[PDB]
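Structure, as structure tokens:
There are 2 protein chains.
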Amino acid sequence: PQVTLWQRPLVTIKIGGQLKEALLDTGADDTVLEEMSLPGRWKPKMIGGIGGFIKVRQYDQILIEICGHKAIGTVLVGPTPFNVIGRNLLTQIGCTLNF
Amino acid sequence: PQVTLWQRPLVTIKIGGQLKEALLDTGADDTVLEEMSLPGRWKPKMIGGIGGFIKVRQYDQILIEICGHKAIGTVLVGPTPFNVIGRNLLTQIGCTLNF
Ligand SMILES: O=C1N(Cc2ccc(CO)cc2)[C@H](Cc2ccccc2)[C@H](O)[C@@H](O)[C@@H](Cc2ccccc2)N1Cc1ccc(CO)cc1
Numbered sequence: 001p002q003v004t005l006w007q008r009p010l011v012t013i014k015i016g017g018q019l020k021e022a023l024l025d026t027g028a029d030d031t032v033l034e035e036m037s038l039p040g041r042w043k044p045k046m047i048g049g050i051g052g053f054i055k056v057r058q059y060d061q062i063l064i065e066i067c068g069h070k071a072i073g074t075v076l077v078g079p080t081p082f083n084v085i086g087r088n089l090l091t092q093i094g095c096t097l098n099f
Numbered sequence: 001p002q003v004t005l006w007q008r009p010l011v012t013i014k015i016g017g018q019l020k021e022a023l024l025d026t027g028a029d030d031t032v033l034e035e036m037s038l039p040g041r042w043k044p045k046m047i048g049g050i051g052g053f054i055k056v057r058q059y060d061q062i063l064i065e066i067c068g069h070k071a072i073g074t075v076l077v078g079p080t081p082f083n084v085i086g087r088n089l090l091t092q093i094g095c096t097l098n099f
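Those sequence lines, one after another, are chains A and B.
Sequential numbering from 1 applies to the first sequence in the deposited numbering.
Sequential numbering from 1 applies to the second sequence in the deposited numbering.
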């Protein structure tokens, strides 16, 4: 749909059998989810944000359904205050900025 | 214009007589700029991010021009690694997202 930005742009995702809400986030390069059960292998890493760095686990190749579109990608799981969908998935879903 | 998200969506801003680049960031409610000299006076404020929180100072009713577009609003100046344009200014330049 279009999304105006008068409100936080939130979306429903399904990942790992579970339903969550997530913020559409053009300023983020990667997707970062609050701590969640995912099956599998993962490799740790750090990301920095505004505020310092977190240590996060990266899982590659995770299927997310976002709104109702499907994507496979890397997601990072860690101590974020909100789930963010970053540009690595935004580009799969077809998301564009318009002004 | 329309901006796809294969690369970081940067724009040039003009703010307080200085030219800078910033990320159009849908995830951020407000605009946070790296430290720079701005006139007026300000209030101490604290925002949270990934990583944690920073003390910023808030200036309100500053004019910023983002592409050719003027907007006036609150800008937080402080320890961000990257100048971030958030939703408070994005709505004024008529930015939407679309998928
Ligand atoms: O740290 C934030 N990252 C950091 C970030 C970096 C990398 C990834 C994964 O690759 C994910 C998130 C982004 C801004 C930023 C970009 C580049 C360098 C440094 C910072 C993001 O784009 C912004 O949306 C929120 C993400 C967020 C969303 C909801 C809740 C917490 C964090 N933030 C924090 C932020 C908070 C408030 C304001 C102003 O109100 C601005 C930014």
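Beta carbons are placed, not taken as given, at the ideal position from N, Cα and C, and that holds for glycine.
Helix, strand or coil at residue i according to DSSP, with G and I counted as helix
i	result
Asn98 (chain A)	strand
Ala22 (chain B)	strand
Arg41 (chain A)	coil
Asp29 (chain B)	coil
Endpoints, the alpha helix (DSSP H) within which residue i is located
i	result
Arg87 (chain A)	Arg87 to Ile93
First through last residue of the beta strand (DSSP E) which encompasses residue i
i	result
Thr4 (chain B)	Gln2 to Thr4
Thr80 (chain A)	It is not in any beta strand (DSSP E) - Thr80 (chain A) carries neither H nor E in the DSSP assignment.
Identity of the residues DSSP links to residue i by a beta bridge
i	result
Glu65 (chain B)	B:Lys14 and B:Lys70
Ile54 (chain B)	B:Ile47
Proximity test, residue i beta-carbon vs ligand 1 heavy atom, cut-off 7 Å
i	result
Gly51 (chain A)	yes
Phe82 (chain B)	yes
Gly86 (chain B)	yes
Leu24 (chain B)	no
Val32 (chain A)	yes
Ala28 (chain B)	yes
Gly78 (chain B)	no
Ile47 (chain A)	yes
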